[PDB]
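**Student:** Below are the structure tokens for one structure; questions will follow.
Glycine gets a Cβ as well: all are built from the backbone with ideal geometry, and neighbour counts include every protein chain shown. What follows draws every value from the coordinates through simple rules; no lab data is involved.
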Amino acid sequence: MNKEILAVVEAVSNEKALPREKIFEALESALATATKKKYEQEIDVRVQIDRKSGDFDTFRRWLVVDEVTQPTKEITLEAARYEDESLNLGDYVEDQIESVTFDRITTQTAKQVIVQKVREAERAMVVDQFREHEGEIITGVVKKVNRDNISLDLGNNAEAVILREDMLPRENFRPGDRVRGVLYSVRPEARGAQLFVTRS
Amino acid sequence: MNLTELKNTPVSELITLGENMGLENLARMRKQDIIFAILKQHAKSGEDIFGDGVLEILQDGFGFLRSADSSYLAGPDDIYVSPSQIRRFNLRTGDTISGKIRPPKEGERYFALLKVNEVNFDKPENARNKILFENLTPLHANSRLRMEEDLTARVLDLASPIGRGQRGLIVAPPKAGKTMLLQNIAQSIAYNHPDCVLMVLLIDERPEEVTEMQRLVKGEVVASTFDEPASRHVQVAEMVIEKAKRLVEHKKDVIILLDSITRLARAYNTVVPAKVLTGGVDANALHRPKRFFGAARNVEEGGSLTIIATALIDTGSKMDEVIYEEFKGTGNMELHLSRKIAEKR
Amino acid sequence: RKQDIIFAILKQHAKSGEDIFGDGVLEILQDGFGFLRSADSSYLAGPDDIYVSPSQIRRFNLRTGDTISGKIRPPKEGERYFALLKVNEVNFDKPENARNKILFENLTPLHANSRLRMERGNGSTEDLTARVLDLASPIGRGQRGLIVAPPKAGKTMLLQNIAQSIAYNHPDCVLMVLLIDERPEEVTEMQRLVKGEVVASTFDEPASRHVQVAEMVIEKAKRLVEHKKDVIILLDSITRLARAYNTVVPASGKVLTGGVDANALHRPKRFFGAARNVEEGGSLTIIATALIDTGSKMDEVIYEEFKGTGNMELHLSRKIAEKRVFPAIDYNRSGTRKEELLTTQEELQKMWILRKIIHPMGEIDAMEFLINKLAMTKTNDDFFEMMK
Amino acid sequence: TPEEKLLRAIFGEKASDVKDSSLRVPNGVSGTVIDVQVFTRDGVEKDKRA
RNA sequence: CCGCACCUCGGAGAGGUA
């Protein structure tokens, strides 16, 4: 049994930073990223471990598709024929499990992923506190000007974004300008949700 | 297009309607998912969607419109109530809100409220300007609620006459006739006074007795069997008392037929954070049910709140005896039943 | 834009030969020279700051915090700041009076002697907060207390009431409300509400400016105390200031429980303990608001460390605040040490009797009793006379 | 952040900004290793090869 | 990671090769 990661997931957790599930998700995502950066021409490798005593196993997966794009991570429907073609397009999980490769140097990016997910959890806590103390017009500072989206800043490890369709068509913003906007909903964006703000 | 109307339709008609609308196979699907898909497809057409439910404001600020047919249980089809609308319309727990709702967008799980059409079965202009329940002057029972299967009601009327705003305690040992007496009381309330809001609040009871009581009396029966935790019992009790207070503020005669003197007390004692008294009851565990009981009162400006509870003594636990002895000093009506007469049928 | 216009106007005026006047608080740098920061910019480094030569600093023994007002000149070819030619007024006084002064480090501290009564006396319903504060924890000159309260307890309203009562009863005291790492709208609201000086440093800038503004404020307060002034600082940032110091402190390898550095609490504890009552003249009162139950153990450790420092704690109850009962003060947890030096014998006996009667009752019950007893009259004297 | 070094001190897992500075063989030259010497400063603990 | 205990990638010098 891997007592090293077990002591970490048992001790560091339970302090509102690790909910016993996001910590395991971050650890398996970091292991997957390490295995991806280890191979040269083999991308999109995943790993799932959701048990204390149970060790982790690296099962490289392919993308089920009827085309030949990305020949390094694509598989055909004849491999799903064993399941009577039940594997619909858009879902990619099936393959034989291969040899796992654990190492102490792989913890470098693992710690980075862990602290990034802790920062994301702290951002979620700040969002919860904002919702607890919402109901007033706020001001924010823009950071970047992307396509059909801007950003807001309130320096308490918080952040907000405004959709361009909700803003004025004539007004274009620039970093350093204060923006007045009331937030109404938070959609679950990938790699962490973000508070969406609307003016119209 | 109403939420409760679709939730009351049978499964066969919903599956048929969904197959006619041309959606995914609804035979191997839950009824809630069927209703959700039907509402989504109907909103995509352009028609409006309406809903209703009792408001339950969460700690984060927002609230949900709990449905009555689900015994005030958090469901996937709850109507999300933004804190902005709560601050605008001065919404509180118990305010039944009915208005135009919309299916949740991509990434959401609750229906959003756009415009409220009716507040507590009345115009919103009459609800925004109202007198709080704490300001209403309490008074003793003035109007007589005559209960005159009728033999039990006659004996109850001859022993302790119950009126509007009464606060009684039906004290009886186990196997003394509490079930039949409660059934007779509910039938008499539904028959003599159909205008009153009869709510048979059951907590930690048998599911067969619950479904027998609900499909027998002519009214609303919100219950919570033993399969649910004590937190849900406390939440249902709070929702019931808040709805009753709001209806009394709207000049309604509510009758909380409570049968959870011991069950709700044990629930509060289990959910209260850790002062040890006799029987294992915390010092701050009986305050919430004490206020729940004392909420019943007669209002001179309009409306009344009557709560007729049933006590449980001689249950083998001194905790129940202490709870009964504490709650006896709060009310003003005790109807004791004899076990010797009940055992002789 | 206004600064450049003023710069050009001063240049054009100096070209004619007239004199130019300036003012500002001195900030001596580590290299030996310093600049005269402006008050309207919350002591922020500006392009038009007045340069101070080390020669004048040695001549007048100037230090950080000394208010300097005198003749300035525009910069010449190769300069970027206003040179100070002759100083006219030092700390709102003549230099001959400021040269014979006693340093703040040599002043003998003492306990609170003078009574700073917070009661308004107008019989307003807002005066109930000040009345409860005076009945629970009397505040004197040189007091070093802490306002312990969880979030959403009523710190803003209580602070506003304290500031208004100070401006009403004691208009001679210099009130300075330093708000660090707060919202700009709250800063604007406070500045346009209280009758005094309001310096702030919002979160829009890093903690370096926070530390710099805190140092400038404490140095100005020390200089005013040296000039026999009664300075009162209401810093509701002590927790934020401790977080800033822990963030800007170099790593030493000894981190306490909760992410607190071993040498991070030195500067905020010194800032807190700087408050003291001077026997030779003047005093310094610092009323800070600590944050507890904020979900971070760092704030809990900071509160537990600062608890053993002050001599006054004003605990606020979350339940009473949620019940919308203001002021939501935990009367049982509040108190002041050496209170006999600020109250008479009969007043101390009445407070002791009131505490002995209130202690058995619960928090909400005691608050309701106190409110019902204070609503019967306008002044606390009638309440004291009726209690007997 | 001083919190990450506490975690690094909690578990034996290595975590640092590793840069490669190993002694490599110059180009062209080759041969067979015939002797290896290791000199360690006083106080520092020896390693397996040493 | 806060407390064990069940009643209703350089400069100088020396030597050498053509």
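**Student:** Roughly how far apart, in whole Å, are the Cα centres of segment C:318-351 and segment C:163-207?
**Tutor:** Their Cα centres are 25 Å away from one another.
**Student:** Give me a comma-separated list of calculated 3J(HN,Hα) values for segment C:162-177, in order, Karplus coefficients 6.51, -1.76, 1.60 applied at θ = phi - 60°, integers in Hz, x for any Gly or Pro.
**Tutor:** Couplings: 5, 5, 5, 5, 5, 5, 7, 7, 10, x, 7, 6, 7, 9, 10, 9 Hz.
**Student:** Here is a follow-up. Which parts of segment C:54-96 would a label at residue C:19 reach, counting a residue when its backbone N lies under 11 Å from a point 7 Å out along Cα-to-Cβ?
**Tutor:** Taking a point 7 Å out along Cα→Cβ of residue C:19, the residues of segment C:54-96 whose backbone N falls under 11 Å are C:70-72, C:86-89.
**Student:** Taking all pairs of different Cα atoms in segment C:324-367, averaging 1/r and flipping that mean, what Kirkwood radius in angstroms comes out?
**Tutor:** One over the average 1/r among Cα pairs gives 11.6 Å for segment C:324-367.
**Student:** For a quick check: sort B:125, C:205 by the number of other beta carbons within 10 angstrom, fewest at the front.
**Tutor:** Arranged by neighbour count, lowest to highest, B:125, C:205 become B:125, C:205.
**Student:** Same structure, new question: Just to be sure I understand: with springs between alpha-carbon atoms less than 10 Å apart, which residue in A:168, A:77, A:87 has the highest mean-square fluctuation in the Gaussian network model of chain A?
**Tutor:** The residue with the greatest mean-square fluctuation here is A:168.
**Student:** Take segment C:1-97, drop everything but the C-alpha atoms, weight them equally and run the Debye formula without solvent; then report log10 I(q)/I(0) at 0.12, 0.16, 0.19, 0.24 Å⁻¹ to two decimals.
**Tutor:** Values returned for q = 0.12, 0.16, 0.19, 0.24 Å⁻¹ are -0.36, -0.66, -0.93, -1.40.
**Student:** Considering chain A as a Gaussian network with a 10 Å cut-off on Cα pairs, which listed residue, A:136, A:74, A:25, attains the greatest mean-square fluctuation?
**Tutor:** Top of the fluctuation ranking is A:136.
**Student:** If you don't mind, there's one more thing I want to ask. Based on the alpha-carbon gyration tensor of segment B:161-248 and its eigenvalue square roots a ≥ b ≥ c, which shape applies: rounded if a/c is under 1.5, prolate if not and a/b is larger than b/c, or oblate?
**Tutor:** rounded
**Student:** In which sequence would A:182, C:325 go, from the one with the fewest C-beta neighbours within 10 Å to the one with the most?
**Tutor:** A:182, C:325
**Student:** Looking at chain C as a GNM with Cα springs under 10 Å, which of C:266, C:111, C:315 has the largest mean-square fluctuation?
**Tutor:** C:266
**Student:** What ranking do B:90-98, C:353-361 get when scored by the average of other Cβ atoms within 10 Å per residue, highest first?
**Tutor:** Ranked from most to least packed, the peptides come out as B:90-98, C:353-361.
**Student:** Shifting gears a bit: When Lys and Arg each count +1 and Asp and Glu each count -1, what net charge do the other residues less than 10 Å away from residue C:281, Cβ to Cβ, add up to?
**Tutor:** So the surrounding residues net to -2.
**Student:** Ordered by packing density, taken as the mean number of other Cβ atoms within 10 Å over each peptide's residues, highest first, how do A:45-56, B:240-251, B:183-194 rank?
**Tutor:** Descending mean neighbour count gives B:240-251, B:183-194, A:45-56.
**Student:** Residues of D:1-13, mean number of Cβ from any other protein chain within 10 Å of their own Cβ, rounded to a whole number?
**Tutor:** Working: counts 7, 15, 7, 5, 3, 4, 6, 2, 2, 4, 8, 4, 10.
Partner-chain Cβ atoms within 10 Å, mean over residues of D:1-13: 6.
**Student:** I need A:142, D:18 ordered by Cβ neighbour count within 10 Å, fewest first.
**Tutor:** Sorted ascending by nearby Cβ count, the order is D:18, A:142.
**Student:** For the protein assembly as shown, with only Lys/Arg (+1) and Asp/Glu (-1) charged at the beta-carbon, what is the dipole magnitude about the Cα centre, in debye rounded to 20?
**Tutor:** Charge dipole of the protein assembly as shown: 2520 debye, to the nearest 20.
**Student:** Can you give the FRET efficiency to the nearest 0.05 for residue A:51 and residue C:33, using r as the Cβ-Cβ distance and R₀ = 56 Å? The partial results should precede the final answer.
**Tutor:** On the way: r = 65 Å, r/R0 = 1.17.
Calculated value: 0.30.
**Student:** Consider all pairwise Cα distances in segment A:126-198 and report the whole-number % of them above 15 Å.
**Tutor:** It works out to 53 percent of all Cα pairs.
**Student:** Any idea what the relative contact order of chain A is, in percent, if you count C-alpha pairs under 8 Å spaced at least 6 apart? Kindly include the intermediate steps, with their values, before the conclusion.
**Tutor:** Numbers: 280 pairs, mean separation 27.5, N = 200.
Computed value for chain A: 14 percent relative contact order.
**Student:** Counting only other chains, what is the mean number of Cβ atoms within 10 angstrom of the Cβ of each residue in peptide D:15-27? List each step's numbers first, then the result.
**Tutor:** Working: counts 9, 4, 1, 2, 0, 0, 0, 0, 0, 0, 0, 0, 0.
Other-chain Cβ atoms within 10 Å of each residue's Cβ, averaged: 1.
**Student:** Cα gyration tensor of the protein assembly as shown, axes a ≥ b ≥ c as square roots of the eigenvalues: rounded (a/c below 1.5), prolate (a/b > b/c) or oblate? Please list the in-between numbers first.
**Tutor:** On the way: a/c = 1.99, a/b = 1.25, b/c = 1.59.
It comes out oblate by the Cα gyration axes.
**Student:** Compute the FRET efficiency between residue A:98 and residue D:33 as 1/(1 + (r/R0)^6), taking r as their Cβ-Cβ distance and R0 = 35 Å, and round to the nearest 0.05.
**Tutor:** 0.45
**Student:** Specify which residue in the list A:116, A:49, A:175 is farthest towards the positive end of the charge dipole of chain A, using unit charges on the beta carbon of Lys, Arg (+1) and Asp, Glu (-1), about the Cα centre.
**Tutor:** A:175
**Student:** In addition: Compute the acute angle (0 to 90°) between the alpha-carbon long axis of helix A:107-132 and the principal axis of greatest extent of the alpha-carbon atoms of chain A; round to the nearest 10°.
**Tutor:** The angle comes out near 40 degrees.
**Student:** Need one number: nm distance between label points at residue C:322 and residue A:15, each 7 Å from Cα along Cα→Cβ, rounded to one decimal.
**Tutor:** Label-label distance for residue C:322 and residue A:15, simple model: 2.7 nm.
**Student:** I've got another one for you. Summarise the partner chain shielding of B:115-126 as one whole number: the mean count of Cβ atoms from other chains within 10 Å of each residue's Cβ.
**Tutor:** Across B:115-126, the average partner-chain Cβ count within 10 Å equals 0.
**Student:** If you don't mind, another one. Under Stokes-Einstein, with the Kirkwood radius over Cα pairs standing in for Rh, what whole-number D in µm²/s applies to chain C at 4 °C and 1.567 mPa s?
**Tutor:** For these conditions, the coefficient is 56 µm²/s.
**Student:** What whole-number value in cubic angstrom gives the convex hull volume per residue for the C-alpha atoms of segment B:292-345?
**Tutor:** That works out to 102 Å³ per residue.
**Student:** Sort segment B:226-345 into rounded, prolate or oblate with this rule: let a ≥ b ≥ c be the square roots of the eigenvalues of the Cα gyration tensor; rounded if a/c is under 1.5, and if a/c is not under 1.5, prolate when a/b is larger than b/c, oblate otherwise.
**Tutor:** Oblate is the answer for segment B:226-345, as a/c is 1.5 or above yet b/c matches or exceeds a/b.
**Student:** Taking 22 Å as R0, compute the FRET efficiency from the Cβ-Cβ separation of residue C:333 and residue C:376 and round it to 0.05.
**Tutor:** Step by step, r from the Cβ atoms, then E = 0.25.
**Student:** With n ≥ 4 as the cut-off for DSSP H runs, can you work out [θ] at 222 nm for the protein assembly as shown, using -39500 (n - 2.57) per run divided by the number of residues, rounded to the nearest 500?
**Tutor:** -10500 deg cm²/dmol
**Student:** Treat chain D as a sphere of radius equal to its Kirkwood radius over Cα pairs and apply Stokes-Einstein at 4 °C in a medium of 1.567 mPa s; give the translational diffusion coefficient in µm²/s, rounded to a whole number.
**Tutor:** My calculation gives 83 µm²/s for D.
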